[PDB]
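Heads up, query.cif below (mmCIF, N, CA, C and O atoms):
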data_start
#
loop_
_atom_site.label_atom_id
_atom_site.label_comp_id
_atom_site.auth_asym_id
_atom_site.auth_seq_id
_atom_site.Cartn_x
_atom_site.Cartn_y
_atom_site.Cartn_z
N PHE A 1 -142.66 88.26 101.78
CA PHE A 1 -142.08 88.52 103.07
C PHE A 1 -140.78 87.78 103.21
O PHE A 1 -140.70 86.58 102.98
N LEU A 2 -139.71 88.53 103.58
CA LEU A 2 -138.34 88.03 103.59
C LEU A 2 -137.82 87.77 102.17
O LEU A 2 -138.59 87.67 101.21
N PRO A 3 -136.52 87.70 101.92
CA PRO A 3 -136.04 86.90 100.81
C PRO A 3 -136.31 85.41 101.05
O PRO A 3 -137.03 85.03 101.97
N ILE A 4 -135.70 84.52 100.25
CA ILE A 4 -135.98 83.09 100.19
C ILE A 4 -136.04 82.33 101.50
O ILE A 4 -136.70 81.31 101.58
N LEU A 5 -135.31 82.77 102.54
CA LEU A 5 -135.30 82.26 103.91
C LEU A 5 -136.62 81.74 104.48
O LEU A 5 -136.66 80.65 105.05
N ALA A 6 -137.74 82.46 104.30
CA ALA A 6 -139.06 81.99 104.70
C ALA A 6 -139.51 80.73 103.96
O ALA A 6 -139.96 79.74 104.54
N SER A 7 -139.32 80.70 102.63
CA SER A 7 -139.51 79.53 101.78
C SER A 7 -138.50 78.42 102.02
O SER A 7 -138.78 77.24 101.87
N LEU A 8 -137.25 78.75 102.40
CA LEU A 8 -136.28 77.77 102.84
C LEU A 8 -136.66 77.09 104.13
O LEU A 8 -136.54 75.87 104.24
N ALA A 9 -137.21 77.84 105.11
CA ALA A 9 -137.82 77.28 106.31
C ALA A 9 -138.95 76.33 105.96
O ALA A 9 -139.03 75.22 106.47
N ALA A 10 -139.80 76.71 104.98
CA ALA A 10 -140.83 75.87 104.43
C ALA A 10 -140.36 74.57 103.75
O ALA A 10 -140.95 73.51 103.91
N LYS A 11 -139.30 74.64 102.93
CA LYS A 11 -138.84 73.52 102.14
C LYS A 11 -137.93 72.56 102.88
O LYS A 11 -138.00 71.34 102.73
N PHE A 12 -136.99 73.09 103.68
CA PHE A 12 -136.05 72.26 104.42
C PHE A 12 -136.63 71.83 105.74
O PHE A 12 -136.24 70.82 106.32
N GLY A 13 -137.65 72.55 106.19
CA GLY A 13 -138.55 72.09 107.22
C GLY A 13 -139.88 71.75 106.64
O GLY A 13 -140.78 72.58 106.74
N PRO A 14 -140.17 70.55 106.14
CA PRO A 14 -141.55 70.07 106.03
C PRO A 14 -142.15 69.96 107.42
O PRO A 14 -143.35 70.13 107.59
N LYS A 15 -141.29 69.74 108.44
CA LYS A 15 -141.62 69.94 109.83
C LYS A 15 -142.01 71.39 110.14
O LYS A 15 -143.03 71.66 110.76
N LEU A 16 -141.21 72.37 109.67
CA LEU A 16 -141.46 73.78 109.86
C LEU A 16 -142.66 74.31 109.10
O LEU A 16 -143.45 75.05 109.66
N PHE A 17 -142.89 73.95 107.82
CA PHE A 17 -144.08 74.41 107.12
C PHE A 17 -145.37 73.83 107.68
O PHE A 17 -146.39 74.52 107.76
N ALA A 18 -145.37 72.56 108.11
CA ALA A 18 -146.47 71.98 108.87
C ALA A 18 -146.67 72.60 110.25
O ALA A 18 -147.81 72.76 110.67
N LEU A 19 -145.59 72.96 110.98
CA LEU A 19 -145.73 73.55 112.30
C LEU A 19 -145.87 75.07 112.31
O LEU A 19 -146.88 75.60 112.76
N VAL A 20 -144.86 75.80 111.81
CA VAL A 20 -144.76 77.25 111.86
C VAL A 20 -145.80 77.92 110.98
O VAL A 20 -146.51 78.84 111.40
N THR A 21 -145.94 77.44 109.73
CA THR A 21 -146.82 78.08 108.76
C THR A 21 -148.13 77.33 108.66
O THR A 21 -149.06 77.72 107.95
N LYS A 22 -148.26 76.22 109.41
CA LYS A 22 -149.46 75.41 109.53
C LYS A 22 -150.03 74.90 108.20
O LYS A 22 -151.22 74.96 107.93
N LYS A 23 -149.18 74.37 107.30
CA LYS A 23 -149.66 73.94 105.99
C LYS A 23 -149.95 72.46 105.91
O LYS A 23 -150.36 71.99 104.85
N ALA A 24 -149.78 71.72 107.02
CA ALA A 24 -150.20 70.33 107.14
C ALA A 24 -151.54 70.27 107.85
O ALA A 24 -152.12 71.29 108.24
#

Represent the structure from my file as structure tokens, please.
Amino acid sequence: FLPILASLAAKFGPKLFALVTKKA
């Protein structure tokens, strides 16, 4: 889903992957 942008949100946001994608 998406090009790299979704994974960039994940990587540059450890805040974002923990919050948005709930991986924390």

Quiz item: Quick one, how far is atom CA of residue A:18 from atom N of residue A:6?
Solution: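 It comes out at 14.4 Å.
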
Quiz item: Expressed in Å to a single decimal, how great is the separation between atom CA of residue A:3 and atom C of residue A:24?
Solution: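 Interatomic distance here is 23.8 Å.
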
Quiz prompt | Backbone-only DSSP, alpha helix (DSSP H) members of chain A, as number ranges by chain | solution = A: 5-12, 14-19

Exercise. Provide the atom CA of residue A:7 to atom C of residue A:21 distance in Å, to one decimal place.
Key: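 These two atoms are separated by 11.2 Å.
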